[PDB]
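Nothing in this text is a laboratory measurement; each read-out follows from the coordinates by a stated rule. Counting neighbours? That spans all protein chains shown, and the Cβs are built from the backbone with ideal geometry, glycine included.
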Amino acid sequence: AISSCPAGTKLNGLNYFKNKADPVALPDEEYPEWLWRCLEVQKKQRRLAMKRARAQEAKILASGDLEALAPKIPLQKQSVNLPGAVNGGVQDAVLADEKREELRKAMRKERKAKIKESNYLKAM
Amino acid sequence: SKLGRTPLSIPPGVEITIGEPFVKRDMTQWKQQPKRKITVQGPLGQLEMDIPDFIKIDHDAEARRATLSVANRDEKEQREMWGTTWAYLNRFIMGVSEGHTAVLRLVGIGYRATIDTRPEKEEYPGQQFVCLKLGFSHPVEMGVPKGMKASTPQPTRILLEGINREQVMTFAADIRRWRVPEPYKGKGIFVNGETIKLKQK
Amino acid sequence: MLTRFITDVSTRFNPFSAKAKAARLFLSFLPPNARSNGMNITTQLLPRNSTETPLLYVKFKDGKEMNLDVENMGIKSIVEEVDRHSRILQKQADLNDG
Amino acid sequence: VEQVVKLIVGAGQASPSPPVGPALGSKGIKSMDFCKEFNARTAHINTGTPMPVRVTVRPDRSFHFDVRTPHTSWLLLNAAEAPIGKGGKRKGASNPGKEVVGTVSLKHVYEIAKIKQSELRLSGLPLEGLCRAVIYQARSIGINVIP
Amino acid sequence: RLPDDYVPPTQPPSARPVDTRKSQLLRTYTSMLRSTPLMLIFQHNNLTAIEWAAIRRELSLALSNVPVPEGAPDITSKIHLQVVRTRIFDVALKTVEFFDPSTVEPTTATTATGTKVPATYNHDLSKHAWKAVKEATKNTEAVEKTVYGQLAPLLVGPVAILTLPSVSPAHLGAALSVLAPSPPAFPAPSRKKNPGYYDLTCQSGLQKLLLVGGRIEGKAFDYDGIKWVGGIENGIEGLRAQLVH
Amino acid sequence: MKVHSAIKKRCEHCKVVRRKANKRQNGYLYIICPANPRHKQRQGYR
RNA sequence: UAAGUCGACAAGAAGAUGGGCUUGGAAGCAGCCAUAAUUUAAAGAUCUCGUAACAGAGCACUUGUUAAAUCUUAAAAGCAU
Ligand SMILES: [Mg+2]
Ligand SMILES: [Zn+2]
C-alpha cells in the first residue's frame, strides 16, 4: 500500500501498438523490490537561522575533541586497501566486488566537476 | 638528445669511414676547432661532412652500428649539434642506399613541364634543363644541380631524385618559388603532398 | 603506420612466448574498420606446452608478400619495413593519378 | 562514407513530406522505396504515433533502416497526462526548475522501462539502472515522482 | 587544531600521490586479484562503443540462462568484461606476490590530539611495498619461475580481463562460448534462438577479441587448459566421482 | 603582420620564435601561426 | 618520473536522447529553464569549428605503443631582449 496507484490503475498512453490495450497496473507485491529504492537520488528567513541554527549545530558538535572535526577524507583520495582477501569466499568476493564499483562512482563524480570546470574557464 | 642516443643501423652495402682530427689553417682566425671528415659511400654514391671533434662515434663494424656521444651534455653547443649531426648522418645512410625523391604537382590550366637540354646555358656537359610553362610571357628554365636526376612521368608531374636531401629539397623550392599556391583556386606548385585550404567563394 | 595498402595479415604465434610480444602489438595497430574494408585476418594460437617459431605474414595490394621473424626484430623494426613499401605505393599512386 | 539520417515520422504516414521528403530525397536513395517499405515494418502501431528511425545509406545508394521505439520524452508526457500544447502535441515544462506539467508514479515508470527494453541494442543493460535513467529525464521536463 | 605530524587514519603514507587515478586504480586491481579466483585474459583491438555494448549484451543474456540449483547467491550480474590498465595491472601481480604485510613493523603514529599511537602501514601503495617489488624484480630468471613471470608475456598491449566471483564451470561455458567459442567443445548459440548474437555490430566485435590466456586461483593456465576446466560440468560432481572409487 | 609591443598567442598553433637574429642585429620576437595568418605578430622596429 | 614523467603517434570518445522551451528550422554547440542519474577503459544535456537544420572534424577525458636513470611542469627573484 506504499504506491499511489492501486491494483488496476490503467496506465494512460503507454501502448503504441494498435492491436493491444494500455498496460494495467499489477499488484504492489508482484513489483520488484528495487523500484521502491531507486528514488534515493532526488536532490528575514536567514536571520532565524543564526539565532537557532548557529547555536544548535555548535551544541551537537561538542568542539572539545579533534575526532568529530576530523578531515574525513573522501573515498576518492584514500589509500587503505579495499576489503579484498585471498580465498575469502563468495560472500567476501561479492562484497569485495561491490566496493570496487563504489570507488568507481567516486572517481566518476570527480571528472564531472573537472570537465565542467575546464569548460567554464574557456568560455569566459 | 633522445635522437642522438638512438644507434644508426648501417644497412648492407653502406660503408662509413671516420677520418682523424684535423685543423685547416685560417689566417683570419687564431684557433680553429678540430673536425672529423666522415665519408659515407655506398651503391648510389658517396657523401661527406665535417663534424665537430667533441662528438664521438663508436663505429661498431661487428653489428653494423654507430652511436654518437658528446663530451659534455651541459653545454648548449654540444647538445644542439649532437642531434643535428645524427639527423644528417641518418639522411646520408638512407640516401646513399635508397636515395631521396621529391614530387612536384603543377596545378592550373595551361601548366606544363618537360625535361630538355639547353647546351647554350649548360653549367656542365649534359645538364638537364626543366622547361616550365607557368603562364609567364617568357620561358622558365632551370638547370638541375650536378648529382640530381629530373624526370616528368606526366606533363603536370615532376620527379626529382638525388642522394643529398638538402640539394634535392632545395632545388624543388627554387621551382615552387615561381608559382606559390594560392588560396582561391589551388594553382601553384605543391612539393611532396603540400596542400592549401581553399576559400569559400 | 599505414594499413590501407595491406590486403590480408596471417599471424601465428604463442601467447606465453616472450618473443611473440611484438606480434600481439601488430594486431592492435590495425584500425577498427579493417574488416569492413575487406581485409581478411586469421590468427592461430599455439599451445603453451610446445612453442613453435612465430610467423608473421603480410601482403600488399600490389601482390607483394612479406614474411618477417618476430624474434630478431622488435615492434619498432616491423613497423619500419611495412611503412617503406606502403609509402612508395602512396607516391606511385599520385604519379599515375591525374 | 555511409551517412546516417535521423527523422521522426508517424506510424503509417510514409510519403513525400517535410519529415520524409527533404530528409533523404536529396541524398539520392529511392524515397518511394522507403515509404512502401516503412509500412511493412510499422503495420501494428496506432495511426499518428511518433516513430524514430535511424536510416543508414551505404555507398551506391543502398538504404537500410532499423525501426526504433518511440521517444521517452513523448512517453512521459503522454503518460503524465500533460496538457496538449499548440499543434495538438503535449509539451513539457518551459522551466523544469519551477513549473510542473504532471506527476507520474514509480509503478508507471516500471512499465515505461520495459517497453524501452524491447530494443535489442538496449536489452543488455539491467532494468535496475534503466528506470533511473528515465527518472533522470523527468527533472528536465518538469515532471515530479510520487511513491 | 590538527598538528602537522597528524596523518588521516584512512590515508597512510603512500609511495606516490593517491589522488591520481594511477595509484587509485592500482588499489582496485590489487583487491581484484585476491577477490576473483577465476580470471580470463582477453585482448581488445580498437572495439567501438556500440560494439562493446553488444559484446557485453550477449554475456548478460547468456549468463542469465545458467541454473542455480545449489541455492547460491544470484551470481548473474557481478561478472563484467572490464578493460584494465596493462601497465599498472602488471605491477599488481608483483605486489600480491613479492610483498607480505607480515614483513612490516609497527611505528608510532600521532593522532589529531598528538598522542603517539602504534600503527602499521601494510597498504599495497606503501613505500615498503614499492621497495619489495623492485628488489624482487631485479632478478630476471628467478621471476620467470613464479606464476607472475608465466603471465608477464600476456600483459602486452591492450588486455581485457573477465572477472567471475567464484569458480563455477557452468558460468564459464556460457561465457567461453560467447567470447571465444571453440566447437564442438563449446558451440556458439544457435541462430533460431539467439539472433542477437549474429548481428552486424556483435559479429564485427567478437572477431577482434582473442582469449590470450587465463588465471585461476593464482595459477597460469593456457588456452587449451581452460577447455578442460570449462569442460567439467560442475565442481562438486567432480569430487563425488573420486569418492565412488 | 601586426607589430605590437605585447605579442600574445591567440590559439594553440601560435609559436614564439626569435628570427632575423644574426651577427649584426639581435632580431625580433615573432608569433608565427600556420593555421591563421592573421595571428602573425612582431615585437620591435628596424 | 621505469607505477614510463614530457612530446609525438594509433584507436576510442557511448547510450536513455532530436533534454524541455523557443523558432520557418534549434538535433551538444542563436536564446531561455533544468543539468540528482545511467552505463563504461573512459565520455560536459557540452569548450572551439562546421550545417538553413541534420551530418561531419577536433577538445575535455580513456587505453596502447615509442622512449628519459641529475633531463617533468609552474611560480618567484636577479641580470638581459
Ligand atoms: Mg535543447
Ligand atoms: Zn594562431
Practice task
Would you calculate, for chain C, the mean residue ellipticity at 222 nm contributed by helices, counting each DSSP H stretch of 4 or more residues as -39,500 (n - 2.57) and dividing by all residues, to the nearest 500?
Solution key: -11000 deg cm²/dmol
Fill in the blank from the handout: With no solvent term and unit scatterers on the alpha-carbon positions of segment B:123-164, Debye gives log₁₀ I(q)/I(0) at q = 0.16 Å⁻¹ of -0.47
Exercise for the section: Rank E:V68, E:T95, E:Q82 by how far each Cα sits towards the positive end of the charge dipole of chain E (+1 on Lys, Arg Cβ; -1 on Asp, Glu Cβ) and give me just the farthest. Expected result: E:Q82
Handout entry: Cα point-scatterer Debye curve for segment D:6-147, base-10 log of I(q)/I(0) at q = 0.09, 0.12, 0.18 Å⁻¹
Key = -0.35, -0.60, -1.08
Practice task
Exposed loop GluC sites (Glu not before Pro) only (DSSP loop, at most 13 other Cβ atoms within 10 Å): please give the longest stretch of chain B free of them, not including the sites.
Solution key: B:124-193
Exercise for the section: Could you tell me which of E:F42, C:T3, B:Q154 has its Cα farthest along the dipole of the protein assembly as shown towards the positive end, charges placed at Cβ (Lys, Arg +1; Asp, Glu -1), taken about the Cα centre? Expected result: B:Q154
Fill in the blank from the handout: Percent of all Cα-Cα pairs per 5 Å bin for chain A, counting from 0 up to the last occupied bin, reads 2, 7, 7, 8, 9, 10, 12, 14, 12, 10, 6, 2, 1, 0, 0
Practice task
Out of all DSSP beta bridges with both ends in segment D:24-147, state the antiparallel percent to the nearest 5.
Solution key: 65 percent
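Taking a threshold of 28 Å on the Cα-Cα distance, which of the pairs B:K121/B:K149; A:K122/C:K76; E:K78/E:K208 fall above it?
Checking Cα-Cα distances, A:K122/C:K76 exceed 28 Å.
Take the Cα gyration tensor of the protein assembly as shown, multiply each eigenvalue by 5, square-root it, and list the three semi-axes largest first, rounded to whole angstrom.
59, 41, 35
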Handout entry: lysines whose Cα lies under 24 Å from that of D:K30, excluding same-chain neighbours fewer than 8 positions away
Key = D:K6
Handout entry: Whole-angstrom gap from chain F to segment D:20-89, using each part's C-alpha centre
Key = 55 Å
Completion exercise
Here the residues of segment E:11-33 lying in the modelled label zone of A:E101, meaning backbone nitrogen under 20 Å from a point 7 Å along Cα-to-Cβ, are E:25-33
Completion exercise
Among trypsin sites (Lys or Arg not before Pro) in segment E:90-184, those in a DSSP loop whose Cβ has at most 10 other Cβ atoms within 10 Å are E:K138
Handout entry: Nearest 10 degrees, 0 to 90: helix B:165-176 Cα axis against chain B principal axis
Key = 20 degrees
Handout entry: Total charge dipole magnitude, the protein assembly as shown, about the Cα centre, Cβ charges on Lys, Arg, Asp, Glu only, Debye to nearest 20
Key = 4820 debye
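Please figure out what share of the DSSP beta bridges in the protein assembly as shown is antiparallel and state it in percent, rounded to the nearest 5.
90 percent
Charges only on Cβ, +1 for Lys and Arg, -1 for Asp and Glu: so what's the dipole of segment D:1-72 about the Cα centre, in debye to the nearest 20?
60 debye
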Practice task
Could you pull out which residues in segment D:115-147 have an amide N less than 19 Å from a spot 7 Å beyond the Cα of D:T103, following the Cα-Cβ vector?
Solution key: D:135-147
Problem - Label-to-label distance, nm, for residues given as A:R52 and B:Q33 (7 Å Cα→Cβ offset) - result: 8.3 nm
Exercise for the section: Please tell me which of these pairs span more than 28 angstrom C-alpha to C-alpha: D:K36/D:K116; E:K22/E:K131; A:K99/E:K219; A:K18/D:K98; A:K77/E:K134; A:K114/E:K22? Expected result: A:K18/D:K98
Practice task
For segment E:121-146 and segment C:11-66, write down the distance between their C-alpha centroids in whole Å.
Solution key: 33 Å
Handout entry: Spacing of the two label points (7 Å from each Cα toward its C-beta) at B:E123 and A:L26, in nm
Key = 9.0 nm
Problem - Inter-centroid distance (Cα atoms) of segment B:141-172 relative to segment C:69-84, Å - result: 31 Å
Exercise for the section: Mind pulling the angle between the C-alpha long axis of helix D:106-117 and the longest principal axis of chain D? Nearest 10 degrees, somewhere in 0 to 90. Expected result: 20 degrees
Handout entry: Principal-axis tilt of helix B:76-96 within chain B, Cα atoms, nearest 10 degrees
Key = 60 degrees
Exercise for the section: Just need the relative contact order of chain B here, percent rounded to a whole number, with Cα pairs under 8 Å and 6+ apart. Expected result: 17 percent
Exercise for the section: Can you pull the one-decimal nm distance between simple spin-label points at D:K89 and A:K116, each 7 Å off the Cα toward Cβ? Expected result: 3.0 nm
